[PDB]
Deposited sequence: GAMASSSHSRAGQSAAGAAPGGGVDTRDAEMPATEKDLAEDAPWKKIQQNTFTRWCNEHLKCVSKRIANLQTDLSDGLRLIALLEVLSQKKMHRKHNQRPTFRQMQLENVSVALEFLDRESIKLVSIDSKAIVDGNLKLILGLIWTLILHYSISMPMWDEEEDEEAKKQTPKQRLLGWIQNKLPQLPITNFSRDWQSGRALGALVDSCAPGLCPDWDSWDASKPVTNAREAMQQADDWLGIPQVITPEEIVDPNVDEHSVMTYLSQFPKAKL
């Protein structure tokens, strides 16, 4: 559940700049309209072709999603196994992999591989810390404190003496500090990031905002 909530929150952050909001990622992207808004905001370009502004029936929703998927590879963004039907038809899995393809490109591989570049970026801000992964390391919440204090010393000066057993408290403080002072939106919540079962993708979507 966490990966969906996260990708959704992330999406919504970019759709704020156009006054649009996803509630349910399974349905809200199917007429192509919000997908196309999200691409235009991310890419900061406009679409290559005209699209249907009022996709009342299915064929227009397929034309819409196809405008979008032409743009994606007109931008040389490699796409993996996604087709117009996948989205129009509310296929939650290939919809989640679409969003991920976009997060990897625009959020991580745009500002060696992405996972590694981002991992390298973090090891550089935190050289005293043995960061190797995007799930266990962050569970104490203390590496968030260190990362947020690294970005702006004194935001979480005491991260090192933080109680490892109180993860949500640690991560909630580190993440509300980054929010208020670094403008880093909390696309993954504290409770979700320190969850024992969170995926590396959700965590990267968050930390990539640094």
Worksheet entry | Regions left out of the model, expressed as runs of the deposited sequence counted from 1 | 1-45, 157-168, 268-272
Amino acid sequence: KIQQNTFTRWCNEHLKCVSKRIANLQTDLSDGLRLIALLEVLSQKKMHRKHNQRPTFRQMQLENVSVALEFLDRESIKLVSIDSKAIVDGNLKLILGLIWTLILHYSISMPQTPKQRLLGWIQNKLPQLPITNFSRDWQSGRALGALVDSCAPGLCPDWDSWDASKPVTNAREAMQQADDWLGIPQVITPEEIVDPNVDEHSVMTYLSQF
From here on, numbers count along this sequence of modelled residues.
Worksheet item: Of 155-163 and 178-186, which one has the bigger average CA B-factor?
Response: 155-163
Response to the item:
Mean Cα B-factor check, 144-152 vs 39-47, entry values; winner is 39-47
Discussion item. Checking the record values for 71, 121, 138, 106, which has the greatest CA B factor?
Written reply: 71
Item to complete: Please rank the C-alpha B-factors of the chain's modelled residues and tell me whether residue 24 sits in the lowest, middle or highest third.
Response: middle
Item to complete: Tell me, lowest, middle or highest third: where does the Cα B factor of residue 82 rank within its chain?
Response: highest
Worksheet, complete the sentence: Among the modelled residues of its chain, the C-alpha B-factor of residue 11 falls in the third labelled lowest
Discussion item. Quick check on the deposited entry: does the C-alpha B-factor of residue 56 sit in the lowest, middle or highest third of its chain?
Written reply: middle
Discussion item. Quick check on the deposited entry: does the C-alpha B-factor of residue 193 sit in the lowest, middle or highest third of its chain?
Written reply: middle
